[PDB]
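See structure below.
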Amino acid sequence: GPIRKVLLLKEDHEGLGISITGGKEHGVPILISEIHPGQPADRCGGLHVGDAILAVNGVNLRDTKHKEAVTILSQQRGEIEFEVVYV
Amino acid sequence: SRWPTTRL
């Protein structure tokens with residue numbers, strides 16, 4: 001599919017509402033494995049199971065190890081832009 | 001769930 005920029009709005013008291021898997025140590029991109037009901041990703045739409053996360057708020061997640069990506073993603077607050085692709 | 005997963 002196309003590379004997509006997707007808006008997600010996250011208050012500080014809540015998570016992103018996604019689970020991720022994969023990462024450089026496994027030879028695959030950071031992939032969305034789950035979208036959790038009623039949380040920001042679910043509410044906003046636009047993100048799907050199987051999407052690869054290429055970047056978040058301009059921060060490159062390509063070639064990032066699972067833990068690195070967890071750290072970066074978990075630091076984002078407020079209006080968050082995801083760059084994803086379903087490939 | 002082939003690899004480790006993290007909820008965010």
Side-chain angles (χ1 to χ4, degrees), chain A residues 6 8-44 47-53 55-57 59 61 63-78 80-82 84, chain B:
Chain A
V6 176
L8 184 149
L9 309 168
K10 178 190 116 56
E11 299 285 350
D12 284 336
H13 56 84
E14 67 197 337
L16 285 179
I18 73 180
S19 296
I20 62 169
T21 191
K24 182 181 184 170
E25 70 266 50
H26 304 285
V28 300
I30 302 295
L31 298 154
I32 299 180
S33 63
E34 205 162 346
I35 303 295
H36 305 282
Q39 297 179 22
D42 182 47
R43 298 195 310 254
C44 289
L47 299 178
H48 307 283
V49 166
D51 275 345
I53 309 179
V56 62
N57 281 333
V59 180
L61 289 183
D63 308 308
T64 293
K65 298 186 167 135
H66 188 84
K67 192 179 65 63
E68 300 186 87
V70 167
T71 295
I72 295 161
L73 285 158
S74 73
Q75 291 171 339
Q76 310 309 313
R77 300 161 63 200
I80 300 168
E81 175 191 81
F82 281 82
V84 296
Chain B
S1 58
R2 292 163 69 181
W3 311 279
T5 76
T6 299
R7 186 164 180 170
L8 298 171

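The analysis underlying the following values was restricted to heavy atoms, covering all of them including side chains, and did not include hydrogens, waters or symmetry mates. Naming: A, B, ... by sequence-line order, numbering from 1 per chain.
Nearest heavy atom pair, residue A:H66 against residue B:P4, reads CE1-O, 3.6 Å.
Scanning residues 34-44 of chain A against chain B with a 4.5 Å non-hydrogen threshold yields A:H36, A:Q39, sorted by number.
For A:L73, the part lying near chain B is the side chain, with the backbone staying farther off; criterion is any non-hydrogen pair under 4.5 Å.
Every residue was checked against the side-chain hydrogen bond (donor to acceptor under 3.5 Å, both in side chains) condition with A:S33, not counting sequence neighbours, and none meets it. Shown here are the side-chain hydrogen bond (donor to acceptor under 3.5 Å, both in side chains) partners of A:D12, two or more places apart in sequence or in another chain: A:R77. Among residues two or more places apart in sequence or in another chain, the side chain to side chain contact (heavy atoms under 4.5 Å, CB included) test is passed with A:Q75 by A:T71.
Rounded to the nearest 0.5 angstrom, B:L8 CG and A:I30 CD1 are separated by 9.5 Å. The OG1 atom of B:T5 sits 12.0 Å away from atom CG of A:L31, with the distance rounded to the nearest 0.5 Å.
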